[PDB]
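Read the single chain below, which is given as structure tokens and is the form deposited in one PDB entry.
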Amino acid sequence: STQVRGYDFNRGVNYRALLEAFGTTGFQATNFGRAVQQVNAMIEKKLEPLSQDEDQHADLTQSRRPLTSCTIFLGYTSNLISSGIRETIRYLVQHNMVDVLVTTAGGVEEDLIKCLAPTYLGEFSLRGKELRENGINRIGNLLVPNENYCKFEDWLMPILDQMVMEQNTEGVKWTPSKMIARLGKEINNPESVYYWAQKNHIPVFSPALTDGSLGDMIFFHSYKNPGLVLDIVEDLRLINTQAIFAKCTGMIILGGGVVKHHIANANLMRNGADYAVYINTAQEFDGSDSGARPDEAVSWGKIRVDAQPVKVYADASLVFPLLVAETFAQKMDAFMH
């Protein structure tokens, strides 16, 4: 039984101790402290060596990812890529601290586009009429110039020409994850999440990849050079076997929607994830999947009954960088060792 005590600034600004203090501060501050421990538990377990029996089992996948004592699924809604959390995510992927990525259309395309042009800060109140008249798109309190997508078009189109050909002439069978790997190879920029992703053999799943600017481009291009096909069935198999053949699994889910359900549902195939941390703003009263508490996932069997999941009700733009600072970033060496 721990007592509620907040950080005493009479000790001065000791950032490390200040963050540790959140766990005994209460409300969401405490959930954060719990989130930190749960994520570390995943990390600790992942860094465990793979005994013969577990290594054998984990090795039952075609993937080239070095089996780990714990497979970590990282999911985030598109807008989090629009935000600076893109850098926070790029880092983890860069150093192989996570094994599978799941994000919606926006979450993929905007990572690339940021390699051709930046997103600007703005305000939530800016009116859509004047904005449009100036060729500016609004994403929360962020701003994206139309030119950003034009550039995106110039860069993408030829790649799509390559993919359609490779499809018909070399018989490739495209899927979201495969295309995402390809695009990241193509972007060839170290500031790109997906560039790293493919380099480190970390699969990215996005069932509705057509729901975005990337979908726009594919749509248009499909007229001058028809044929492209994106099968979502193969990718389901792919992402499900990732959960099925894992020694342990951790889910780190930022936001809700498809990203959240797709990751957890994959973990149901192995009868529950071992660790789970949620950081979303959704509430449960609307009966949405997004807002469901981690305990609801327990009923379905997406989170083992003996697991100790945590949900932090907050905007990830604020919490995540912090979570990372106290977990993965602290084991920087181990992930390079």
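Don't overthink the numbering: it's just position in the shown sequence, from 1. In this text, rigid core is short for the largest set of C-alphas that superpose within 1.5 Å between two forms.
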{"property": "At least a third of other PDB entries omit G301", "result": "yes"}
{"property": "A292 unmodelled in at least a third of other compared entries", "result": "yes"}
{"property": "Mean C-alpha B-factor comparison - 126-134 and 91-99, higher one", "result": "126-134"}
{"property": "Per the entry, higher mean C-alpha B factor between 222-230 and 81-89", "result": "222-230"}
{"property": "Highest-ranked of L254, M251, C248, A117 once sorted by CA temperature factor in the record", "result": "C248"}
{"property": "Peak C-alpha temperature factor (PDB record), options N200, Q167, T71, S192", "result": "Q167"}
{"property": "Chain thirds of CA B-factor: placement of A181", "result": "middle"}
{"property": "Chain-wide C-alpha B factor ranking for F205, given as lowest, middle or highest third", "result": "middle"}
{"property": "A297 - which third its CA temperature factor falls in, relative to the rest of the chain", "result": "highest"}
{"property": "CA B-factor placement of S288, once the chain's modelled residues are sorted into thirds", "result": "middle"}
{"property": "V258 CA temperature factor, ranked by third within the chain", "result": "lowest"}
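Here the subject shifts to the form deposited in another entry, a form of this protein not shown in this document.
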query: Moved residue between the shown form and the other one - picked from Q198, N148, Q94, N265, where its Cα shifts 2 angstroms or more relative to the rigid core; finding: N265
query: After fitting the core, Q308 CA displacement of 2 Å or more between the shown form and the other one; finding: yes
query: Note on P176-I263 C-alpha separation in the other form, which departs from the shown form by 3 angstroms or more; finding: farther
query: Sense of the change in Cα distance from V258 to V312 in the other form - at least 3 Å versus the shown form; finding: closer
